[PDB]
Amino acid sequence: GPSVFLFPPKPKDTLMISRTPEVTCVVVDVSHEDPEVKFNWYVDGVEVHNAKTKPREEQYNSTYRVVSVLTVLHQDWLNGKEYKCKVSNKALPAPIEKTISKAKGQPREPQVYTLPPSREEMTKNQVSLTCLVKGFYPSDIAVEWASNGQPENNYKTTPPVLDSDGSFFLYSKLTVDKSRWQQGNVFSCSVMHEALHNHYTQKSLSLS
Amino acid sequence: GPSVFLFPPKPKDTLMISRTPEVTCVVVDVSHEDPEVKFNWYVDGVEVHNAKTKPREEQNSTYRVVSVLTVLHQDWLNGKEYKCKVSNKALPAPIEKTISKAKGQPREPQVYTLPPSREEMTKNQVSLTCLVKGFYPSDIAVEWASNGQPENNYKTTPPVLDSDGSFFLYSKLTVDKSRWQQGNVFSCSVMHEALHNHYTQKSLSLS
Amino acid sequence: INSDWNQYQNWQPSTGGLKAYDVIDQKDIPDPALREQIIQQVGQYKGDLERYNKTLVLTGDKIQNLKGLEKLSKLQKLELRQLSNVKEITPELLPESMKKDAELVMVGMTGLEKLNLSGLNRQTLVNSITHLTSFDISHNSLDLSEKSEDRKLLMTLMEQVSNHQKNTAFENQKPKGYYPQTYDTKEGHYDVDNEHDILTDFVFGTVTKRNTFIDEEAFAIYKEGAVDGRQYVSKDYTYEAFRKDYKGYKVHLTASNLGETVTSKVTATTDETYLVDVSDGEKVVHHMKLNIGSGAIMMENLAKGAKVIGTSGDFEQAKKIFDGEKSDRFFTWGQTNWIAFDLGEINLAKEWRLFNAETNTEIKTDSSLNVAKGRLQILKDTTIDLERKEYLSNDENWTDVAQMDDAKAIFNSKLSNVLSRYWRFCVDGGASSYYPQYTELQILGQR
Amino acid sequence: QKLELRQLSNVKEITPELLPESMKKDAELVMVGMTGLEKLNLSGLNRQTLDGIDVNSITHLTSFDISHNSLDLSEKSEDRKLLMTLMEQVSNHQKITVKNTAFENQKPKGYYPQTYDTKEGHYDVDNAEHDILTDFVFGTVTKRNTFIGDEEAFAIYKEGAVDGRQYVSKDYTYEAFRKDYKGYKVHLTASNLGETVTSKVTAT
Ligand SMILES: [Ca+2]
């Protein structure tokens, strides 16, 4: 029978004014025989009709997937309102109801520290610019890098890790050619979190 | 019905001669009514009889049953498959779960210790950082030390897949700023199959 | 319930009493005085009687008869204290538990004239029973031999009876057999006669509840025993029944070379001394020394607690070859390794012993992890004052004193009376591609 | 109580988890014409013999495990000769390893010998006690009638091996194997036709 999965918005989208956050609802293993899938969306038990259902997508022979995407208001999400997705189908005994809301708990402001390469790494053609973000709660966060106003894109960020004080921390690691580091270019580590002013801070990192 | 989880050995145990690595097999949600749980263990599809089943544990009216197979360091590191097979009356067919070490050219970790940020030095506790990058497979172990004694107030990130196919992580030891400024030496120990004797140490002191 | 109530007693309950029901009446216990006391001790309900399984203390001169006492089928102990008006004890009056070794105390039974304890398998047993006229303690499990206390108590029971008349049954005893608590031999000796059995020679025999020691021939003499020409043992009682079978008794033998074996046999070919620890199966019941011929002087493990001074592998792990145990191993990531060590003083080394990988008493270790080939060595410079790694690593400074060529679980060979402070043991190869392990190394000799 | 596998040509695997519990308590097991069988695992079923198993028909064998049974694989045993066929079958397809020819950790059961040799014993007039059971009526046999007289003979039996691979279980004590001769009685009729029941005789 059909299953339902309800995914929350990307944390950057909830926190940034330039972006529009979305709750997404996926129905998998839909039969070819009874294909009509009706979605109903609720925000604190209040029906909303502004959702946008994408058409079916054959996964394998005679089995489809159906996604519905509800745009959310930044404030509603951040105030921890419940988003309920209700799915109906002929091959269901009763409709399926899945709910998600934002992680509750006293927010704690992230502390952002940029760390330069190790002397030992400077023997290599590419060096590692590091950004430490610690002491934040909840674990919803987004980290990006930049340089001269342009996005730097060759980076990887660790998942949040629970620290011993109940808060979270992570590391992001931008990799750059040593040449660019030594020439004295400035790099920026952008952190986005609900407990920051305007959900945003930037720390810089250049050669001393 | 009953579920099965098969956990690999702790990477330090596979890599250190002082330690004995173990594959562990856990059966959860066993009913009071049909409680008999038989385990069968296989190493490259070859049955082994040296496993050790611990008795049931009420985790209501539902038990948990753990079976622990000791492994040989070489077998694990040569990437042999460990299969755990579970039988029960409340199972339609037996459950078979397998784990092995990730196959692939091993790559030696590069260990770099990073001192606190200038900005963190305004605080009563500061973060000593250890970056380990470019290692494969992702089985690794990181510890801290100072003056021969273990430092224990640290957390390490899970391995993260880098863009070049290797792994990296960060370990973050937290110390009182006083101890950092007084010029004590700290060590970041890394244990991995691609290191000589599966071991290196990088130092970190005030500069 | 029943398993909980078993612990908790410190469904209706198997034992003790009924679950917190008709009351005990004269149809159960006629005597009002006895009824009172039993109620106070066991409970007030009929169903308590069959279940009560602890002690009952009956006291006072008010009790006339003991009828109803048989209903306490599970009673573990009965004390009859100052029951001066109680005149008869028959086996139908006592509870079933008396046939399965429930305890029976009686003091001050001045009114008792008939004491029948027949057919209750009593294994043991009089000055207060001054009004006795008859008794029957036949078909029990008593030891009435000459030097038994139970015979002396019987003699009093007969003297009591003889005061009133010429009624004195004490025959048909089937006394139970027990293992003797201690054996005498603390130092056995054999000649060099080229097989002896340590169990038959030194750790043998059966005793009664009164510690009367009995072979078949001694049991025969015991059966012929009699009080006033009246044989007290049951005629139909076989030795096979009485004797203990010594089943699962093992003999642990530690030689002069400190080598251990498990056998009751020793073929006396050469001069030797063994330490003998005899085990019933759960515990050691006897220790002794056993000298074959003139004997041999007990060696010591001179390597025990030896200081590691160098090794090709982990230094801390190497220290586990010189503890007392086989609960951990030393190996390296390879088929070869060495450990150099310091006994602290020069002593006479006569043999050595290596406990291989499979001797591990913590992880069941396959013999494929055993050391196949190695060499034990001593340092060449007899008196060099070590102030090191490069030196001990270099093969030129070491003279072999022993070779190992067999992947034996335990390897022992002799040394040419080696006097050396510093030693090294090299592992030359394993029994398979798996890196070889070993658990303990002994250097055996006189201090 | 009995399983016969007859001409099961498409059966490729026999594992102990497939066979019934009764196999561990001496249920009979016959198999003939098992031409498709590639894996024969009978480990941990206390099998006392390899009777029933037509080893000559198992021509597609690649692995077998008859370890942790109660087999007697001594030199002059039938079961060793059946094992040798099982190994020859394996060797036809693939190199003989320990990983595909397990036959170790046997704890063969002990039985009373059917016949004792001494038909006419003799003692000197040495004024010593002798024991008729120890001297003349002693020893234990396997299911294949391999005689072990004493502890020392059991030691030699444990050291036995096929291709330098010891087949007996190391943790298997003599005390377990041997028969205890419990409740054995010795009836002695003298020249005077007087009868006694004892294993002892003092040669006066
Ligand atoms: Ca040891």
# chains A, B, ... in the order shown; residues from 1 in each chain; ligands from 1
$ interface_residues --of "chain D" --to "chain C" --cutoff "8 Å" --atoms "only C-alpha atoms" --output "MDAnalysis selection string"
chainID D and resid 151 175 180 182:183 198 200
$ residues_near_ligand --ligand "ligand 1" --cutoff "9 Å" --atoms "only C-alpha atoms and all ligand atoms" --output "compact mmCIF listing (two decimals) with C-alpha atoms, in the first residue's frame"
# COMPACT_ATOMS: atom_id res chain seq x y z
CA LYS C 319 54.61 -7.51 29.96
CA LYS C 320 51.74 -10.01 29.78
CA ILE C 321 54.11 -12.90 29.04
CA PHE C 322 55.43 -12.69 32.61
CA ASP C 323 52.23 -12.33 34.65
CA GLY C 324 50.70 -15.48 36.14
CA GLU C 325 47.94 -15.86 33.57
CA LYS C 326 46.97 -17.03 30.09
CA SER C 327 44.18 -14.45 29.84
CA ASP C 328 45.92 -12.19 27.29
CA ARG C 329 48.39 -12.62 24.43
CA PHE C 330 51.34 -10.90 22.75
CA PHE C 355 52.10 -21.39 26.49
CA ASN C 360 44.23 -18.42 25.97
CA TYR C 438 51.46 -16.58 22.87
CA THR C 439 50.32 -16.00 26.41
CA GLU C 440 53.08 -16.94 28.87
CA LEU C 441 56.81 -17.71 28.97
$ select_by_dssp --residues "segment 2-201 of chain D" --states "helix (DSSP H, G or I)" --output "PyMOL selection string"
chain D and resi 21-25+78-91+132-135+151-158+174-177
$ interface_residues --of "chain B" --to "chain A" --cutoff "7 Å" --atoms "only C-alpha atoms" --output "ChimeraX atom specification"
/B:112-114,117,119,155,157,160,162,170
$ residues_around --residues "residue 197 of chain B" --least-positions-apart "4" --cutoff "10 Å" --atoms "only C-alpha atoms" --output "mmCIF file with C-alpha atoms, in the first residue's frame"
data_model
loop_
_atom_site.group_PDB
_atom_site.id
_atom_site.type_symbol
_atom_site.label_atom_id
_atom_site.label_comp_id
_atom_site.auth_asym_id
_atom_site.auth_seq_id
_atom_site.Cartn_x
_atom_site.Cartn_y
_atom_site.Cartn_z
ATOM 1 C CA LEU B 15 43.613 -1.650 14.718
ATOM 2 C CA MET B 16 45.171 -2.145 18.170
ATOM 3 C CA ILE B 17 46.935 -5.329 19.308
ATOM 4 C CA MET B 191 44.334 5.423 14.561
ATOM 5 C CA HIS B 192 43.748 4.125 11.028
ATOM 6 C CA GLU B 193 44.669 1.084 8.948
ATOM 7 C CA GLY C 313 56.235 -4.810 19.262
ATOM 8 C CA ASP C 314 54.114 -3.089 21.914
ATOM 9 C CA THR C 332 52.743 -8.186 16.273
ATOM 10 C CA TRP C 333 51.571 -7.253 12.772
#
$ residues_around --residues "residue 126 of chain D" --least-positions-apart "3" --cutoff "8 Å" --atoms "only C-alpha atoms" --output "ChimeraX atom specification"
/D:123,203-204
$ interface_residues --of "chain B" --to "chain C" --cutoff "9 Å" --atoms "only C-alpha atoms" --output "list in words"
residues 17, 18, 20, 50, 70, 72, 74, 75 and 197 of chain B
$ closest_residue --among "D:27, D:66, D:61, D:34" --to "chain B" --atoms "only C-alpha atoms"
D:66
$ residues_around --residues "residue 208 of chain A" --least-positions-apart "5" --cutoff "12 Å" --atoms "only C-alpha atoms" --output "PyMOL selection string"
(chain A and resi 115-117+181-186) or (chain B and resi 118)
$ residues_around --residues "segment 82-95 of chain B" --least-positions-apart "6" --cutoff "7 Å" --atoms "only C-alpha atoms" --output "JSON, numbers by chain"
{"B": [1, 25, 34, 36, 37, 38, 39, 40, 41, 42, 43, 44]}
$ atom_distance --atom1 "atom CA of residue 197 of chain A" --atom2 "atom CA of residue 109 of chain A"
9.0 Å
$ select_by_dssp --residues "segment 111-198 of chain A" --states "strand (DSSP E or B)" --output "PyMOL selection string"
chain A and resi 111-115+126-137+142-147+150-152+155-157+161-162+168-177+187-192
$ atom_distance --atom1 "atom CA of residue 194 of chain C" --atom2 "atom CA of residue 268 of chain C"
4.7 Å
$ atom_distance --atom1 "atom CA of residue 184 of chain B" --atom2 "atom CA of residue 207 of chain B"
11.0 Å
$ decode --residues "segment 134-145 of chain B" --atoms "N, CA and C atoms" --output "short mmCIF file (atom, residue, chain, number, x, y, z; two decimals), in the first residue's frame"
data_model
loop_
_atom_site.label_atom_id
_atom_site.label_comp_id
_atom_site.auth_asym_id
_atom_site.auth_seq_id
_atom_site.Cartn_x
_atom_site.Cartn_y
_atom_site.Cartn_z
N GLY B 134 41.58 13.11 4.13
CA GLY B 134 42.14 12.34 3.03
C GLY B 134 42.33 10.86 3.35
N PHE B 135 41.52 10.33 4.28
CA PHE B 135 41.65 8.95 4.70
C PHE B 135 40.53 8.10 4.10
N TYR B 136 40.86 6.83 3.85
CA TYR B 136 39.91 5.84 3.36
C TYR B 136 40.38 4.47 3.84
N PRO B 137 39.50 3.57 4.34
CA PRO B 137 38.07 3.84 4.52
C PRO B 137 37.79 4.69 5.75
N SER B 138 36.50 4.87 6.06
CA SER B 138 36.06 5.83 7.06
C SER B 138 36.24 5.32 8.49
N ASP B 139 36.73 4.08 8.67
CA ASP B 139 36.97 3.54 10.00
C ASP B 139 38.20 4.22 10.60
N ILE B 140 38.01 4.95 11.70
CA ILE B 140 39.09 5.73 12.29
C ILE B 140 38.77 5.97 13.77
N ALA B 141 39.81 6.30 14.54
CA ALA B 141 39.64 6.61 15.95
C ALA B 141 40.58 7.75 16.35
N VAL B 142 40.05 8.70 17.12
CA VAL B 142 40.78 9.90 17.50
C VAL B 142 40.70 10.05 19.02
N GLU B 143 41.86 10.29 19.64
CA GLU B 143 41.94 10.54 21.07
C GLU B 143 42.84 11.74 21.31
N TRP B 144 42.70 12.35 22.50
CA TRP B 144 43.56 13.45 22.91
C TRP B 144 44.36 13.05 24.15
N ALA B 145 45.49 13.73 24.35
CA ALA B 145 46.35 13.49 25.49
C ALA B 145 47.17 14.73 25.81
#
